[PDB]
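For reference, the structure discussed in these notes is given below.
First chain written, first letter: the chains are A, B, C, D, E, F, G, H, I and J, and each begins at residue 1.
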Amino acid sequence: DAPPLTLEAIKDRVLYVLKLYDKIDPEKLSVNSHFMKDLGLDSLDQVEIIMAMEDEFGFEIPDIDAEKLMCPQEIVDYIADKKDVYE
Amino acid sequence: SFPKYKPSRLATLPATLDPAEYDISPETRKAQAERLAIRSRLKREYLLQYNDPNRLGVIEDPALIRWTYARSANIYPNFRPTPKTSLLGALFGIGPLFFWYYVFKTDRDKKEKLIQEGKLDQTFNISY
Amino acid sequence: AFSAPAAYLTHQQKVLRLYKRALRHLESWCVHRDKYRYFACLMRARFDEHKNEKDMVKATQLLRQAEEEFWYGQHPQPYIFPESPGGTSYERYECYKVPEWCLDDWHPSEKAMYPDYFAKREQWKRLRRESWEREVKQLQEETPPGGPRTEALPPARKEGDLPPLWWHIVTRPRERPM
Amino acid sequence: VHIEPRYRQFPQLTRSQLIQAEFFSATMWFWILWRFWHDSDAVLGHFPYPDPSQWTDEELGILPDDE
Amino acid sequence: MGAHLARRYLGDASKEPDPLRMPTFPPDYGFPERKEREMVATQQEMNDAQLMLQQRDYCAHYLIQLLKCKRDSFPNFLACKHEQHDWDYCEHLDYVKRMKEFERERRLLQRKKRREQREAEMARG
Amino acid sequence: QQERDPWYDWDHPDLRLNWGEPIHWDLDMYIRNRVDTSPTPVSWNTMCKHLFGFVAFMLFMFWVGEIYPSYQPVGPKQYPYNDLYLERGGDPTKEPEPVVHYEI
Amino acid sequence: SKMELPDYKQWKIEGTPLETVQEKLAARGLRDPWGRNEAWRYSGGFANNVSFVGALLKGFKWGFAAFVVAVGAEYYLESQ
Amino acid sequence: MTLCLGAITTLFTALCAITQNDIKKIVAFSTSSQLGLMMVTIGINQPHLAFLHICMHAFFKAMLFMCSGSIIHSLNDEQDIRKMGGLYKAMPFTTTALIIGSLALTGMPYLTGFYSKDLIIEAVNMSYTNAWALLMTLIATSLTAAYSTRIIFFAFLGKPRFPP
Amino acid sequence: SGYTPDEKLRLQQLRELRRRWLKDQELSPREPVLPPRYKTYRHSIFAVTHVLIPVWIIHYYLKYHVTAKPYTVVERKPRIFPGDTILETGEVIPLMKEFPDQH
Amino acid sequence: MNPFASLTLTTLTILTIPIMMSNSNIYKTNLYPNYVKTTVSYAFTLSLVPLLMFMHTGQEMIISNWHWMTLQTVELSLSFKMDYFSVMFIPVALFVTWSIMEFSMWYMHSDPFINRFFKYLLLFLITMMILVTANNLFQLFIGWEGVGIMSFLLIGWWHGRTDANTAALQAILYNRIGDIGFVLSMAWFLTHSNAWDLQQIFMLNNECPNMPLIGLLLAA
């Protein structure tokens, strides 16, 4: 029905949301940046980021798995594996 | 403050409102660790059998076998005639029978009385 | 779903789950985006107000009162994503999920209809059969004598090995099978 | 016709669907106005409702109290 | 809906009429010479036209004429406005006759109340 | 099983059971297709009181409206031939008690 | 095919109820960092939406003109 | 008994409808309320008006369900008016169809539902009926208007709330 | 708090295996090897079969079989109004009397 | 012969036709939804014709085509009552079903079993037509239970969804309480009137009593 997702599309959309986040500086934001070790956020900020990704892609990330998504690359990999994206 | 939530048997108490959820003894943590260990051991056994490539068939579930056995074949050997069981059995197995007997006998007696007195509307009752 | 659960939820995990649940129910109450943003900012302000608290007893009591307030003020019909467990589109495709063991019972004519797929399937089956002994050996080497203390599994420690207990995770049916 | 997806933007529309929706809304309003012009009695009533207080005792056949 | 319900329930039920017992006075009580209602359509005509038993009231001839007009000009289902208005007007006249009957019953009841109160006052005095 | 966690990786996802764990004696009635005991936003006693109050109030008001009906200031409808004596199945041989309606 | 995401710098909360929310939060002493991510919704073709009464009267202007023309034509036909 | 059952059914179902967030649930409760109105019509001894309302309701309620289904399919199996929005201009034809269907449902003075619901209400008011049943029928009509407005307002008017 | 190194490594390996499995699940250009063994025309064939044949069969069944036993098909008798011409006997059902016309 | 009976029975039969073709290559292909929709359109027009016939002269009929069985003094036959209600409800239902089928062609394009979905929709339509045109209580009950089970099968379209299964079973439960009422009314009518058909029920029940009428009310 809908066009299939791709790894590049998922990465672009997650980085788009993170750049629209105010607490994150867009210039120093890369796909390997850690939300707390090198971005300076905290647990509530990570919760809000996960909620924003849930709103973006239209599906829910369980709390047991969302606590460990500490990197945009980790978020991309998780969403791709859940949506069965291989390219 | 806020109105309290009263749990029932058909609407149980949520975990977030359970008082024991916020009073954790050190023994509670070790009880939880033991429970997780039991679950993990069972999960490992089931997963090994499940992923075995040479397994063809059904992984027999001892828990399911115990449940089906205890539900049927283990009831009579463990039944003793007690006052509670005797009263409940007598009630549930005799009371309905005599209640329905009284109802039907009374109804049919009234109908037969009307028939004998000849004031019952039995016209067109060709099929019986 | 993909992560092994722990024995218990720490205080941080409890408060974060409460924070997410409260934000979701507040979004359910405040339908519109501007109103939701305003009240979500106020909610995070409350969480930040109580963020620094050295007394764990007081922190637990605050958590308990917050949970009672949430239960009183929760939305009776909160928004649930369609694919989420309470959702309207939940478990809709479970009747379309068929496994590969069911696939191998095909008639030879049906199998001949897809000559290339079944060659790769035979390759996958050979790969599975050639690794089971190494997988079980790795599992039984790393387990404690008492038994598995958790539901997590180890990775492949060797160059030519596959992570133990991988077949069904790898070959699980797609989320939109048919 | 193929309509490409839009991201964070208003979706692409079609002249055909625009004109069709406009035509059918205009049809509904024309029908309502045309029917109200011709037979407005179906909404506002057709025959007056009498006031019982204005009926005379003579025509209701009521005798005077003394009689 | 109406003020009559208020008067009967939150008021004097004795002075207000009872719809299930009306009329309670003789038809000629107060009318010296009262004419019986005229029926135009005959029993055979209504039976042949197969009017429903609710439709076989004193306005049946207009209904029969309307049915005949509708049957003849079938494709043109807008050509019976005059017959429809005639039937509706006859029904309106029947309804106002019923309203007159209700009002007559009401004022006869209140006149009876006044007369009996006057008689009781005279007997007391 | 409805109360059980939906996000856990159960061995039986539909029943929400694990292999080897003890099975509740009343599992046959506590499956997700049957009796649900999950917590509700409102207390069970409050729900029962509100539902019973609503239904009892509606029944009482229906009875009150029955004993205080609503109608219009009109008399009985009139029918030509002895209130349609023959049309309603009356006996042609027997003579009905006449019903006469007068003009007004 | 291969849809391209629009540039992310264009989303701003200015001229949007989100900036009113931001002013309220600034008065409170707070800020909401997700302003623009929601601000995509308040611009473009989504900026203007009709009211409830305006929605019901979607085709009243053309319908009324057609009604007037039809009434005039019917009046002329009846007269002639 | 028929009149009382129909009255309580239409009232209760409309009352539940005016505050639902699932569009299919709202339309289902509207269907139940219309059925209760039909049962009211039967109880006042007007069987033919009940049939007329059956036909009219079939038409406009089927169209309403089709419009809601089109909305759901276009928004990737989303059935929540809390996540719909902006569809008045996003989807022109389904918007005008749903507005027409809601106007017909509430008895717009010369649409399909006017020729049955208006007559039903007139018959209920002018008959020897239960006072409480009459009151419940009127309140149910008002709540019918209310939930149709709720659907229109939360589905088509305002700003988008769906995924980007 | 976050993935342990073992969890990270296992997840990476599993995701690689899953992607390879899906790529294998893709089909081939020649894959579905099948075994050997105007619009008005379609509507015309549909209309004659689906509508013409059933109506023929049903009319034949009704006219010669169903309407051969008594009371199998009973038509409600036609409505007769005043001033009418009954065709069976050439009968003239008379008009009604003069109405007391108002306005 | 009067076309009324022929046309009505023809509409019913051509509704039943595409179910017969459900064991064919056309059912194995992807033309089945369009085929079923075309059949419903043709049935709709062929039912519009007797509606015109009725609205002219008010023609109504009953057709006792096939005699099923005689229980001594009670005869059960396959009878259809083509009156105002039937000839006015059949075209409306066919029109709505035609529109729904086109919408479902658009809407269920990704469903692997769209052909089965269309077969089930047609079966529901057939049972509803039987219910509406039924002249006797037994045939009316046939249509009653048929639409009940077709609702059960179509509500639980996604068999893997426990909520769908619960909804289907709940619908069955409530409709079975209604069927309790229906069977009560049927038994009373047969016992006290020696008939299961509307003509004799109406002839003999000049003052129908509370027990049969309350049974019917509970079923409704």
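Simple rule for what comes next: a contact is a pair of C-beta atoms (placed from the backbone, for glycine too) under 8 Å apart; a residue touches a chain by one contact, two chains touch by 3 or more.
Chain by chain, the UniProt names read as follows: B = NADH dehydrogenase [ubiquinone] 1 beta subcomplex subunit 4; C = NADH dehydrogenase [ubiquinone] 1 beta subcomplex subunit 9; E = NADH dehydrogenase [ubiquinone] 1 beta subcomplex subunit 7; G = NADH dehydrogenase [ubiquinone] 1 beta subcomplex subunit 3.
Enquirer: Looking at chain pairs C-F and B-C, which one is connected by more C-beta pairs in contact?
Expert: B-C
Enquirer: Taking each chain's centre as the mean of its CA atoms, which one is most distant from chain C?
Expert: Centre of mass proxy via C-alpha means gives E as farthest from chain C.
Enquirer: Quick check for the class: compute each chain's Cα centroid; which one is farthest from the centroid of chain J?
Expert: A
Enquirer: Going by C-alpha centres, which chain is most central here?
Expert: So the chain nearest the centre of the shown protein is H.
Enquirer: What whole-Å value do you get for the distance between chain A and chain I if each is reduced to the mean of its CA atoms?
Expert: 50
Enquirer: Hey, how far is the Cα centre of chain D from the one of chain G, in Å?
Expert: It comes to 28 Å between the two C-alpha centres.
Enquirer: In whole angstrom, what separates the CA-based centres of chain C and chain D?
Expert: 56
Enquirer: Measure off the straight-line distance from the CA centroid of chain E to the CA centroid of chain I, and report it in whole Å.
Expert: Once rounded, the distance between the two centres reads 50 Å.
Enquirer: Can you list the residues of chain A that touch 2 or more other chains?
Expert: 1-2, 48, 58, 62-64, 67-68, 81, 84
Enquirer: For chain G, what residues touch not just one other chain but two or more?
Expert: Within chain G, the residues that touch at least two other chains are 5, 11, 31, 34-35, 40-41, 45-46, 58-59.
Enquirer: Hey, what residues on chain C touch two or more of the other chains?
Expert: As it turns out, chain C has residues touching two or more other chains at 1-3, 5, 33, 71, 82, 91, 94, 166, 174.
Enquirer: Could you pull out which chain H residues touch chain J in their complex?
Expert: 1-2, 5, 39, 51, 54-55, 58-59, 62, 66, 69-70, 73
Enquirer: Considering only the defined contacts, which chain F positions touch chain B in the complex?
Expert: These residues of chain F touch chain B: 3, 11, 18-23, 25, 27, 35-40, 43-45.
Enquirer: Along chain D, where are the residues that touch chain G in the complex?
Expert: 4-10, 21-30, 32-34, 37
Enquirer: What part of chain I is in contact with chain E in the complex they form?
Expert: Listed in rising order, the residues are 79-84, 93, 96-97, 99-100, 102.
Enquirer: Tell me, which parts of chain C touch chain J in their complex?
Expert: Those residues of chain C that touch chain J are 90-97, 178.
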